[PDB]
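Participant: This structure is in structure tokens; I'll ask about it shortly.
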Amino acid sequence: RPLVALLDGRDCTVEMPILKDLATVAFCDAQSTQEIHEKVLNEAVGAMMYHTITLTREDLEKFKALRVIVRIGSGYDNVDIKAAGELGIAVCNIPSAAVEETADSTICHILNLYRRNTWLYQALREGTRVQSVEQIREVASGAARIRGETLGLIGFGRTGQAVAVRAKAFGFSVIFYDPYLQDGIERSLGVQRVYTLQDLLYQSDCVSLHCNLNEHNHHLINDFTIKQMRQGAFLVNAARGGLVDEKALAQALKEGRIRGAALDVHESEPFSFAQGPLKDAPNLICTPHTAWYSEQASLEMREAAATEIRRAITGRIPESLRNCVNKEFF
Amino acid sequence: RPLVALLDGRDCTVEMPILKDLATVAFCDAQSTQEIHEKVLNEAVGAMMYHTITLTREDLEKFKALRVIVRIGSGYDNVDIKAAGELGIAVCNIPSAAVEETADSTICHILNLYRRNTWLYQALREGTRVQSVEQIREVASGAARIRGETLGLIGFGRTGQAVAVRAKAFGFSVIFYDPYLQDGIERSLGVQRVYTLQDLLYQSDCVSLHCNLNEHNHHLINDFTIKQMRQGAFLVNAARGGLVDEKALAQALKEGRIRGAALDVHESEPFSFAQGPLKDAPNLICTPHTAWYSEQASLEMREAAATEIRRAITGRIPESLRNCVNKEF
Amino acid sequence: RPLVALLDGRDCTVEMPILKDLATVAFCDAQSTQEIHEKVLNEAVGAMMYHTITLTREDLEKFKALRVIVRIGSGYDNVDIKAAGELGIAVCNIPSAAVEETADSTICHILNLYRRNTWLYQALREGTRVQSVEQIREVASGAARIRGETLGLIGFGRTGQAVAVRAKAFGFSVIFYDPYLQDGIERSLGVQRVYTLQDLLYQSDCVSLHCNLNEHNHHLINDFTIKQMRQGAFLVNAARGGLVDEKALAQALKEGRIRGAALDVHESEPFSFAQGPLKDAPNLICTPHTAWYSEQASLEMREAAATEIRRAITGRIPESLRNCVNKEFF
Amino acid sequence: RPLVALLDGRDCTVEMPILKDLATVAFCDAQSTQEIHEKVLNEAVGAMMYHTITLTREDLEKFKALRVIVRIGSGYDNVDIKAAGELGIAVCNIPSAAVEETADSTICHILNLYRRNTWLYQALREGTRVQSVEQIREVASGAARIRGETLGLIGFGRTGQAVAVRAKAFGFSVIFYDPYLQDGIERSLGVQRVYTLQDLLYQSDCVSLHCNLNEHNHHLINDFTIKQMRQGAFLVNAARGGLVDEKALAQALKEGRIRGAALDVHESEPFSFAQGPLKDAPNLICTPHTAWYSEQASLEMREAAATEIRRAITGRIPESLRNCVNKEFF
Ligand SMILES: NC(=O)c1ccc[n+]([C@@H]2O[C@H](COP(=O)([O-])OP(=O)(O)OC[C@H]3O[C@@H](n4cnc5c(N)ncnc54)[C@H](O)[C@@H]3O)[C@@H](O)[C@H]2O)c1
Ligand SMILES: NC(=O)c1ccc[n+]([C@@H]2O[C@H](COP(=O)([O-])OP(=O)(O)OC[C@H]3O[C@@H](n4cnc5c(N)ncnc54)[C@H](O)[C@@H]3O)[C@@H](O)[C@H]2O)c1
Ligand SMILES: NC(=O)c1ccc[n+]([C@@H]2O[C@H](COP(=O)([O-])OP(=O)(O)OC[C@H]3O[C@@H](n4cnc5c(N)ncnc54)[C@H](O)[C@@H]3O)[C@@H](O)[C@H]2O)c1
Ligand SMILES: NC(=O)c1ccc[n+]([C@@H]2O[C@H](COP(=O)([O-])OP(=O)(O)OC[C@H]3O[C@@H](n4cnc5c(N)ncnc54)[C@H](O)[C@@H]3O)[C@@H](O)[C@H]2O)c1
């Protein structure tokens with residue numbers, strides 16, 4: 001019976017009752033490739049993982065039979081798809097799982113930067129008897145008006161359009177940018193489209209990031225692109241870790257080029273405010289890689305990722321996979 | 001020349017140049033009425049106050065030359081408009097100053113409750129190693145999906161429509177209750193309207209107040225209405241704070257009947273978090289009466305109040321005031 | 001029992017079994033005060049009319065006490081409310097009845113003017129071979145792009161907001177002008193508000209009227225105002241008829257100052273297309289006063305009028321009515 | 001550069017001054033391909049067509065020096081892309097121009113059916129005196145309320161999206177059907193997605209077609225699918241013709257199984273109401289294939305087409321073209 005792993009899992013109680021008989025779901029609870037067991041590394045047909053354990057070219061052959069790797073999530077950047085596509089390993093993922101959640105959390109980070117609700121709550125929990133109206137503006141100094149602030153968006157993916165759809169009502173003027181979309185969407189959703197990155201950086205006040213991390217955009221917003229940002233433009237990042245540089249963003253925050261920046265995923269997981277380059281950065285919000293989560297987007301991505309193992313444990317691989325992301329498979 | 005006394009503020013550097021020639025502006029900076037200078041109480045004809053000092057009839061009858069009270073904001077509930085009009089004191093206000101900002105900071109409250117982006121930032125400031133994806137769900141246990149929830153707006157004026165317009169895009173099925181509103185505008189915006197609280201609290205996964213406190217809405221959400229909300233339904237209150245029994249909302253939070261509640265204004269300002277009726281409440285966000293503020297909205301709001309006294313120290317009161325609020329003088 | 005007229009109706013079908021118990025509905029099908037019978041003049045408690053009969057100060061006094069008149073529809077300009085207010089007669093309308101069918105029809109007119117769909121269907125039912133792509137362009141010559149026009153709504157009540165909500169998605173940039181609205185209704189919906197009619201007519205590619213015809217705007221768009229309109233801007237009147245000049249608009253059409261005009265009402269109804277001041281004007285759409293009709297807009301306003309004549313037959317006068325439109329009695 | 005033809009046109013006015021230094025544009029006026037030439041047909045270089053002259057396998061073989069085809073439309077059904085690649089020819093189209101016009105004519109064909117602002121204008125262009133409201137309710141008997149109807153649009157591509165953005169404000173509830181989209185698009189715009197076409201026709205008060213016409217779409221609407229539509233649901237075809245079996249749509253109207261149909265293209269073009277399979281159908285509005293036209297989109301698509309041929313006669317085989325088609329190229 002085809003043992004199906006749950007590599008970085010401890011809770012297999014949604015993938016069990018639908019893989020109850022086709023396979024023996026058995027987690028590994030790993031945090032490193034050298035923390036999986038020999039039983040799984042020698043007999044585990046499929047392995048649904050999460051966004052924490054990272055597999056590399058030299059780890060995909062550290063298995064003995066790995067027909068499929070389902071990524072319970074919207075992004076396959078921690079799996080070397082080009083190695084799996086030649087090691088006889090298809091790599092699925094659940095793209096549509098949390099799109100109305102990443103977009104809500106992103107359009108909430110933008111409002112938490114513009115209106116300073118999180119900083120106000122935090123400065124009210126530290127204790128601040130803010131009573132006089134001259135004493136309110138000194139605790140909300142910077143809370144800007146939204147109507148008419150051009151919103152960059154580096155990439156109309158599924159979760160890039162889902163933010164341009166609900167940020168057009170707040171008054172934002174959206175202008176996306178990504179070179180891989182066909183001439184198109186810019187017209188059907190009613191957003192301007194800039195063709196080169198310098199433009200999106202030069203004419204945007206709240207540059208966001210919604211692009212999947214491939215090998216051509218690693219460290220997209222480094223020190224060289226930050227100097228192209230408008231003077232005092234927020235920077236929300238809910239896409240992926242190695243996308244925005246860290247030392248450079250900290251530098252830009254300390255000086256003042258960035259009037260605030262609410263990262264949501266960091267270059268070093270798990271993030272904390274006591275280690276790393278952002279140790280002393282001002283005007284910085286960070287959530288612990290929680291914009292994909294809800295009570296119904298987990299129950300929907302785990303279910304739909306176990307249904308993906310079901311399809312690959314009976315059907316032909318990879319011609320019976322609803323979401324494979326390497327058709328460079330052999 | 002007439003004296004125009006700003007009641008609570010050490011800053012008059014926006015309305016001074018707009019009111020330089022006509023009158024002589026002179027701030028008073030009074031956290032209460034017992035700090036008004038005798039000059040600015042015996043010789044001031046016009047007077048603009050923000051929201052902190054509250055003029056009652058026993059107090060509005062002490063100014064002996066006052067002829068207009070420009071109320072900076074959408075408030076005027078801390079000014080006894082009946083008594084004011086009975087003393088020849090026309091009260092106006094600036095209603096359109098911060099609408100696109102109260103609505104934007106009310107939507108952010110609704111999203112900070114549904115996705116918990118300010119309880120996660122806290123848990124990261126308190127220090128929490130959120131490493132394993134089993135711990136992500138334990139630190140964010142409660143974050144919900146928005147598409148489908150029914151947002152119920154008690155009050156559909158300006159700040160109520162401005163939230164229905166921008167919450168219809170997140171999938172929030174909007175629903176409102178407004179008795180004083182001449183029917184036929186739930187048709188334009190496209191939102192179902194209900195006709196009684198017992199019929200709005202009953203179907204609303206996130207009730208948000210947007211009414212103006214008058215002599216008939218005090219403690220609208222009291223101990224008797226919270227027993228009509230759903231079994232767990234967020235409550236946002238970015239509108240004047242004498243609308244929720246704080247001795248009955250904290251009794252519902254510490255019990256689980258309300259799954260969190262972001263209050264923007266309270267009954268007692270300032271709002272020292274450790275002091276008050278809800279000192280020990282769980283799942284509670286509070287900003288300090290700061291949805292109205294913006295570098296641009298706190299300037300349009302003051303220039304347009306200077307311009308209002310420029311019209312009252314020159315025109316016929318109250319037939320010259322652009323938007324007076326007590327034409328019962 | 002009290003008699004409840006139906007001054008111009010000939011159905012009294014939906015209104016019959018709502019007040020049959022406590023009133024005897026009876027229709028008259030009149031077109032003037034020259035058709036009503038003697039006893040149903042002075043004592044007839046209530047009457048409910050449509051937009052076809054015009055009652056005047058010199059007519060309502062032929063009714064001693066119409067304890068109520070109910071104006072099925074949304075406009076109460078047929079009856080002198082200032083006259084009824086002095087003869088103990090309270091006027092009522094049904095405002096919320098067809099607020100969105102009027103907006104859908106007004107958007108349909110604005111799109112018929114831009115895309116020329118009903119000028120192309122009419123040029124096909126008239127016979128035209130449109131084979132070559134040159135003739136496609138010479139027959140639909142005038143159709144314009146919509147994204148980036150400045151639709152200007154003269155009047156921002158219910159039917160104005162309902163169009164500003166619907167036309168903000170087509171790319172229009174709404175710009176209204178309303179002198180009676182309080183400050184702020186332009187900040188909630190996000191539509192730039194201009195304050196003087198010249199300032200709305202200068203910057204507008206469509207000037208669609210949505211104001212109720214009161215005493216102070218009869219013939220609002222006359223020759224003088226049309227001379228202020230932008231060179232070649234459409235004009236969609238879907239409001240009361242006597243609001244826009246006939247002769248002046250026909251002049252502006254035949255001349256070129258107006259690139260089309262879809263009028264849903266006219267100065268003199270029933271509007272025939274061969275007798276009138278618009279006898280030979282080019283580029284007109286017209287509809288026979290039908291933007292309020294549906295299979296549901298009727299059952300919602302007729303029932304609502306039948307309910308208004310109950311609320312006004314068991315309860316006291318206008319302090320027990322719902323949509324009273326002249327509180328000016330005493 | 002060699003002669004670039006303009007097969008389907010008599011006017012090369014904006015294509016030329018952009019191509020004046022590269023090649024010498026000429027035209028052919030071919031209403032059919034056997035009407036082009038014996039010398040251009042031999043050795044031009046390439047071409048740029050419109051949507052009337054169809055080029056088939058046996059006909060593309062007739063050209064002897066064809067490098068590139070450049071449609072000036074949005075679709076390329078009238079060219080055997082699958083055969084043109086095997087022949088040595090690259091095919092290209094201007095994909096995103098008049099996306100804002102097809103989706104403004106489709107939201108007008110949809111309101112022209114729910115409000116009948118083009119049948120009311122017809123019936124009033126024939127002399128239907130309508131003063132009594134009991135007669136207005138007759139001339140417009142059939143107009144319906146929109147808020148609630150479930151507009152179900154086949155093919156959520158580039159205009160299928162631009163229509164679901166415009167018709168989410170009228171109250172429509174949009175649901176699409178598309179089997180070639182990588183799932184996750186129904187959640188960015190908030191439109192419920194159905195998976196089988198029967199599941200789109202069983203719940204749609206107004207079905208609208210927005211799909212390509214490749215090979216598995218011919219007569220998507222048969223006598224076998226119309227039997228699956230709601231009892232009297234409109235049908236708006238503003239896509240390529242050959243998706244609606246006219247012989248079946250001419251029955252579905254003469255019985256009431258379809259309460260209206262706003263076709264914009266047709267099986268055989270040109271179109272006229274006196275020769276065809278639907279010569280006598282009631283409730284049938286049809287425009288002559290001008291849902292794509294404007295004064296700006298018909299200048300944008302025929303400049304982008306003259307730029308995509310400059311890039312193709314200066315660049316390379318389909319590695320320099322921007323919007324190339326036919327991965328069947330060698
Ligand atoms: N906060 C979270 O934890 C969370 C949750 C869900 C998704 N995500 C991330 O969001 C990312 C985007 O999600 P998605 O649904 O849009 O994936 P997607 O494949 O559907 O869309 C990504 C699009 O980004 C554009 N793009 C690609 N490379 C680019 C580049 N170098 N520069 C600019 N644009 C580029 C492309 O147009 C791509 O289509 C995912 O990779 C995923 O990792 C994060
Ligand atoms: N967070 C802040 O500091 C802030 C900023 C701006 C406004 N506000 C408050 O928000 C309130 C609303 O602002 P606004 O611009 O909408 O004023 P508004 O008068 O235009 O809107 C009030 C609407 O609620 C209706 N209403 C009255 N009593 C009601 C009741 N008992 N139940 C339900 N509805 C009732 C009112 O008739 C009206 O429809 C203002 O009183 C203002 O004090 C607060
Ligand atoms: N096509 C139809 O048959 C049809 C259907 C419904 C309504 N209508 C007409 O549409 C009119 C408007 O409908 P409504 O429900 O919005 O009425 P409404 O009273 O609800 O709103 C009308 C708004 O226009 C304002 N206004 C008044 N005079 C003005 C002027 N001189 N210039 C600019 N604005 C002015 C009014 O103050 C108000 O703000 C109604 O009077 C009604 O007669 C026509
Ligand atoms: N009225 C006009 O003259 C006019 C103007 C512009 C475009 N069009 C036509 O409209 C069509 C759509 O335009 P577009 O820009 O969206 O093309 P597109 O390729 O961008 O979008 C087409 C979408 O429909 C999908 N589809 C394919 N077959 C399908 C099927 N059997 N059922 C359901 N969906 C299917 C396609 O995969 C795609 O998702 C074009 O083919 C074009 O020919 C017509």
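Following the order of the structure tokens, first chain is A, next is B, and so on, with residues numbered from 1 inside each chain and ligands from 1 in the order they appear.
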Check every protein, DNA and RNA residue against ligand 1, keep those with an atom at most 8 Å away (counting only C-alpha atoms and all ligand atoms), and present them as a ChimeraX atom specification.

Facilitator: /A:73-77,95-96,98-99,101-102,105-106,154-160,177-181,197,210-214,216-218,220,237-240,264-265,289-292 /D:184

Participant: Next, dump the selected residues to file, keeping only N, CA and C atoms, as a short mmCIF file (atom, residue, chain, number, x, y, z; two decimals), in the first residue's frame.

Facilitator:
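What ended up in again31.cif:
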data_model
loop_
_atom_site.label_atom_id
_atom_site.label_comp_id
_atom_site.auth_asym_id
_atom_site.auth_seq_id
_atom_site.Cartn_x
_atom_site.Cartn_y
_atom_site.Cartn_z
N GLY A 73 -0.45 24.56 -0.68
CA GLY A 73 -0.18 25.98 -0.72
C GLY A 73 -0.30 26.48 -2.14
N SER A 74 0.08 27.74 -2.33
CA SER A 74 -0.12 28.40 -3.61
C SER A 74 1.20 28.61 -4.32
N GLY A 75 2.30 28.17 -3.72
CA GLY A 75 3.60 28.45 -4.28
C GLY A 75 4.59 27.31 -4.17
N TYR A 76 5.24 26.97 -5.27
CA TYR A 76 6.15 25.83 -5.33
C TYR A 76 7.61 26.25 -5.38
N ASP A 77 7.97 27.34 -4.72
CA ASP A 77 9.32 27.85 -4.86
C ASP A 77 10.31 27.17 -3.93
N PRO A 95 -3.48 26.02 -6.14
CA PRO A 95 -3.32 27.45 -6.40
C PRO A 95 -4.49 28.29 -5.92
N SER A 96 -5.70 27.76 -6.05
CA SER A 96 -6.91 28.51 -5.78
C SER A 96 -7.35 28.44 -4.34
N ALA A 98 -6.24 29.76 -1.17
CA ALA A 98 -6.37 31.00 -0.41
C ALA A 98 -6.00 32.15 -1.33
N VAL A 99 -6.97 32.60 -2.11
CA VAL A 99 -6.81 33.81 -2.89
C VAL A 99 -7.66 34.94 -2.34
N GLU A 101 -8.13 35.20 0.68
CA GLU A 101 -7.54 35.46 1.98
C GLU A 101 -6.21 36.19 1.90
N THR A 102 -5.32 35.80 1.00
CA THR A 102 -4.12 36.58 0.79
C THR A 102 -4.45 37.99 0.35
N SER A 105 -5.84 39.93 3.42
CA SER A 105 -4.77 40.30 4.33
C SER A 105 -3.84 41.34 3.73
N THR A 106 -3.58 41.27 2.42
CA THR A 106 -2.77 42.30 1.80
C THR A 106 -3.47 43.64 1.80
N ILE A 154 3.34 44.36 -8.28
CA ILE A 154 4.32 43.65 -9.10
C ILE A 154 3.73 42.27 -9.33
N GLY A 155 2.83 42.19 -10.30
CA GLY A 155 2.31 40.92 -10.78
C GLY A 155 0.82 40.69 -10.64
N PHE A 156 0.08 40.69 -11.74
CA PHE A 156 -1.30 40.22 -11.76
C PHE A 156 -1.35 38.70 -11.85
N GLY A 157 -1.13 38.04 -10.73
CA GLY A 157 -1.43 36.63 -10.70
C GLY A 157 -2.89 36.42 -10.42
N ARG A 158 -3.21 35.37 -9.66
CA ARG A 158 -4.55 35.23 -9.12
C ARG A 158 -4.73 36.14 -7.92
N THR A 159 -3.70 36.27 -7.10
CA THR A 159 -3.74 37.11 -5.92
C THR A 159 -3.22 38.50 -6.17
N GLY A 160 -3.00 38.86 -7.42
CA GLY A 160 -2.66 40.22 -7.75
C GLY A 160 -3.90 40.94 -8.24
N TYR A 177 2.40 45.42 -12.96
CA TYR A 177 3.53 45.19 -13.86
C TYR A 177 3.96 43.74 -13.77
N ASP A 178 3.97 43.04 -14.88
CA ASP A 178 4.66 41.76 -14.92
C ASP A 178 4.85 41.36 -16.37
N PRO A 179 6.02 40.87 -16.75
CA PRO A 179 6.31 40.64 -18.16
C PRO A 179 5.77 39.35 -18.71
N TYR A 180 5.18 38.49 -17.89
CA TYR A 180 4.78 37.19 -18.38
C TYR A 180 3.31 37.10 -18.74
N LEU A 181 2.52 38.14 -18.52
CA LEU A 181 1.13 38.12 -18.93
C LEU A 181 1.00 38.54 -20.39
N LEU A 197 9.95 47.80 -14.72
CA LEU A 197 9.89 47.91 -13.26
C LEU A 197 10.20 49.31 -12.77
N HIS A 210 3.34 40.63 -5.52
CA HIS A 210 2.50 39.46 -5.69
C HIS A 210 3.03 38.55 -6.79
N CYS A 211 4.33 38.33 -6.83
CA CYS A 211 4.94 37.52 -7.87
C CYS A 211 5.55 36.28 -7.25
N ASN A 212 5.44 35.16 -7.95
CA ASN A 212 6.03 33.92 -7.46
C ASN A 212 7.53 34.00 -7.59
N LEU A 213 8.23 33.49 -6.59
CA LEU A 213 9.68 33.60 -6.58
C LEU A 213 10.31 32.55 -7.48
N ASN A 214 10.75 32.94 -8.66
CA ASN A 214 11.55 32.08 -9.50
C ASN A 214 12.99 32.58 -9.49
N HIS A 216 14.66 34.25 -11.48
CA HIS A 216 14.94 35.49 -12.20
C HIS A 216 14.50 36.73 -11.45
N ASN A 217 13.80 36.60 -10.33
CA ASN A 217 13.40 37.75 -9.54
C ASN A 217 13.82 37.64 -8.09
N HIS A 218 14.72 36.72 -7.78
CA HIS A 218 15.23 36.62 -6.42
C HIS A 218 15.87 37.94 -6.03
N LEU A 220 14.26 40.88 -5.76
CA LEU A 220 13.76 41.88 -6.70
C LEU A 220 14.01 43.28 -6.19
N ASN A 237 4.47 43.49 1.41
CA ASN A 237 4.98 42.29 0.78
C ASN A 237 4.32 41.07 1.39
N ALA A 238 3.37 40.48 0.68
CA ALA A 238 2.73 39.25 1.13
C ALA A 238 3.02 38.09 0.20
N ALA A 239 3.96 38.23 -0.73
CA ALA A 239 4.17 37.20 -1.72
C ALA A 239 5.09 36.09 -1.24
N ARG A 240 6.37 36.39 -1.06
CA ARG A 240 7.34 35.35 -0.78
C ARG A 240 8.62 35.97 -0.25
N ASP A 264 5.00 40.53 5.25
CA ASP A 264 4.20 39.43 5.74
C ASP A 264 4.95 38.11 5.67
N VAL A 265 5.92 37.99 4.79
CA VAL A 265 6.81 36.84 4.78
C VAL A 265 8.23 37.36 4.68
N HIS A 289 3.90 34.94 8.48
CA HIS A 289 3.53 34.13 7.32
C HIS A 289 2.09 33.64 7.43
N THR A 290 1.22 34.51 7.93
CA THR A 290 -0.19 34.18 8.10
C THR A 290 -1.02 35.17 7.30
N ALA A 291 -1.19 34.88 6.02
CA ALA A 291 -2.19 35.55 5.20
C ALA A 291 -2.92 34.52 4.36
N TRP A 292 -2.44 33.29 4.36
CA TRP A 292 -3.08 32.20 3.66
C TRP A 292 -4.08 31.48 4.55
N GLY D 184 -8.70 29.06 -10.27
CA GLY D 184 -8.20 30.09 -9.39
C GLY D 184 -8.53 31.47 -9.90
#

Participant: Residues of chain B within 6 Å of chain A, counting only C-alpha atoms - could you list those as a ChimeraX atom specification?

Facilitator: /B:108,111,118,120-121,130-131,143-145,166,169,270,272,286-287,294-295

Participant: I'd like the interatomic distance between CA of residue 24 (chain C) and CA of residue 299 (chain C), to a tenth of an Å.

Facilitator: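 We find that CA of residue 24 (chain C) and CA of residue 299 (chain C) lie 19.7 Å from each other.
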
Participant: I need the strand (DSSP E or B) residues of region 164-262 of chain A per DSSP on the backbone, written as a PyMOL selection string.

Facilitator: chain A and resi 173-176+192-193+206-207+209+221+234-235+237+244+261-262

Participant: Give me the residues within 6 Å of residue 70 (chain B) as a list in words, counting only C-alpha atoms and dropping any in the same chain fewer than 2 places off.

Facilitator: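 Answer for this query is residues 48, 92 and 93 of chain B.
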
Participant: So which residues touch residue 14 (chain A) within 12 Å, counting only C-alpha atoms, skipping near sequence neighbours fewer than 3 positions away, as a count of residues only?

Facilitator: 19

Participant: Given the choices D:309, D:233, D:244, D:189, which gets closest to chain A if the distance is worked out from only C-alpha atoms?

Facilitator: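 Among D:309, D:233, D:244, D:189, it is D:189 that comes nearest to chain A.
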
Participant: How close does each residue of chain B get to ligand 3, giving the shortest atom pair and distance in Å to one decimal for every residue with an atom at most 12 Å away, counting only C-alpha atoms and all ligand atoms, sorted by chain and residue number, as a Markdown table?

Facilitator:
| residue | atom | partner | partner_atom_place_in_ligand_line | distance |
| --- | --- | --- | --- | --- |
| B:182 | CA | ligand 3 | 20 (O) | 9.4 |
| B:183 | CA | ligand 3 | 20 (O) | 9.7 |
| B:184 | CA | ligand 3 | 20 (O) | 7.9 |
| B:185 | CA | ligand 3 | 20 (O) | 8.6 |
| B:187 | CA | ligand 3 | 15 (O) | 10.3 |
| B:188 | CA | ligand 3 | 16 (O) | 9.6 |

Participant: Quick one: DSSP alpha helix (DSSP H) residues in region 119-276 of chain A, as a PyMOL selection string?

Facilitator: chain A and resi 119-125+133-136+158-164+197-202+223-226+247-255

Participant: Which neighbours of residue 1 (chain C) fall inside 10 Å, counting only C-alpha atoms, when residues of the same chain fewer than 6 positions from it are skipped, and could you give them as an mmCIF file with N, CA, C and O atoms, in the first residue's frame?

Facilitator:
data_model
loop_
_atom_site.group_PDB
_atom_site.id
_atom_site.type_symbol
_atom_site.label_atom_id
_atom_site.label_comp_id
_atom_site.auth_asym_id
_atom_site.auth_seq_id
_atom_site.Cartn_x
_atom_site.Cartn_y
_atom_site.Cartn_z
ATOM 1 N N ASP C 21 -61.711 44.989 1.480
ATOM 2 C CA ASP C 21 -62.400 44.938 2.757
ATOM 3 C C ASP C 21 -62.851 46.300 3.243
ATOM 4 O O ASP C 21 -63.947 46.410 3.800
ATOM 5 N N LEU C 22 -62.051 47.336 3.032
ATOM 6 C CA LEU C 22 -62.271 48.593 3.727
ATOM 7 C C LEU C 22 -62.271 49.768 2.766
ATOM 8 O O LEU C 22 -62.114 50.919 3.180
ATOM 9 N N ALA C 23 -62.466 49.481 1.484
ATOM 10 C CA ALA C 23 -62.630 50.508 0.468
ATOM 11 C C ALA C 23 -63.140 49.860 -0.805
ATOM 12 O O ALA C 23 -62.896 48.675 -1.045
ATOM 13 N N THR C 24 -63.852 50.618 -1.626
ATOM 14 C CA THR C 24 -64.405 50.111 -2.872
ATOM 15 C C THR C 24 -63.668 50.751 -4.037
ATOM 16 O O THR C 24 -64.063 51.812 -4.521
ATOM 17 N N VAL C 45 -62.650 60.014 -0.833
ATOM 18 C CA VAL C 45 -61.583 60.085 0.158
ATOM 19 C C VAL C 45 -60.220 60.048 -0.514
ATOM 20 O O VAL C 45 -59.320 60.822 -0.167
#

Participant: Within 9 Å of residue 40 (chain C), counting only C-alpha atoms, which residues show up once you throw out same-chain ones fewer than 6 positions away? Write them as a PDB file with N, CA, C and O atoms, in the first residue's frame, please.

Facilitator:
ATOM      1  N   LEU C   3     -64.824  55.600  -1.201  1.00  0.00           N
ATOM      2  CA  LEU C   3     -64.526  55.303  -2.598  1.00  0.00           C
ATOM      3  C   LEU C   3     -63.106  55.748  -2.911  1.00  0.00           C
ATOM      4  O   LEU C   3     -62.701  56.856  -2.553  1.00  0.00           O
ATOM      5  N   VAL C   4     -62.356  54.893  -3.599  1.00  0.00           N
ATOM      6  CA  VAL C   4     -60.944  55.130  -3.897  1.00  0.00           C
ATOM      7  C   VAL C   4     -60.800  55.086  -5.415  1.00  0.00           C
ATOM      8  O   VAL C   4     -60.821  54.016  -6.026  1.00  0.00           O
ATOM      9  N   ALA C   5     -60.643  56.251  -6.032  1.00  0.00           N
ATOM     10  CA  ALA C   5     -60.575  56.326  -7.482  1.00  0.00           C
ATOM     11  C   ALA C   5     -59.240  55.807  -7.994  1.00  0.00           C
ATOM     12  O   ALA C   5     -58.313  55.572  -7.220  1.00  0.00           O
ATOM     13  N   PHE C  63     -62.578  68.874  -6.037  1.00  0.00           N
ATOM     14  CA  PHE C  63     -62.662  67.909  -4.949  1.00  0.00           C
ATOM     15  C   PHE C  63     -62.666  68.698  -3.643  1.00  0.00           C
ATOM     16  O   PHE C  63     -61.742  69.458  -3.353  1.00  0.00           O
TER      17      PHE C  63
END

Participant: Give me the residues within 8 Å of residue 223 (chain A) as a VMD selection string, counting only C-alpha atoms and dropping any in the same chain fewer than 5 places off.

Facilitator: chain A and resid 245 248 to 249

Participant: Of the residues A:222, A:192, A:314, A:228, which is the one nearest to chain C, using only C-alpha atoms?

Facilitator: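 Among the listed residues, the smallest separation from chain C belongs to A:192.
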
Participant: What separation in Å, quoted to one decimal, exists between CA of residue 67 (chain D) and CA of residue 42 (chain D)?

Facilitator: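 About the pair CA of residue 67 (chain D) and CA of residue 42 (chain D): they are 12.0 Å apart.
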
Participant: Smallest atom-to-atom distance to chain D: which of A:278, A:36, A:153, A:97, using only C-alpha atoms?

Facilitator: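 Checking each candidate against chain D, we get A:97 as the closest.
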
Participant: Which residue, B:110, B:90, B:162, B:136, has the smallest gap to ligand 2 when you use only C-alpha atoms and all ligand atoms?

Facilitator: B:162

Participant: Between CA of residue 229 (chain A) and CA of residue 241 (chain A), what is the distance in Å, rounded to a tenth?

Facilitator: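 Here the two named atoms are 19.6 Å from each other.
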
Participant: Could you produce a table of the residues of chain C lying within 10 Å of ligand 2, with the nearest pair of atoms per residue and their separation in Å rounded to one decimal, using only C-alpha atoms and all ligand atoms, ordered by chain and increasing residue number, as a Markdown table?

Facilitator:
| residue | atom | partner | partner_atom_place_in_ligand_line | distance |
| --- | --- | --- | --- | --- |
| C:182 | CA | ligand 2 | 20 (O) | 9.1 |
| C:183 | CA | ligand 2 | 20 (O) | 9.3 |
| C:184 | CA | ligand 2 | 15 (O) | 7.8 |
| C:185 | CA | ligand 2 | 20 (O) | 8.8 |
| C:188 | CA | ligand 2 | 15 (O) | 9.3 |
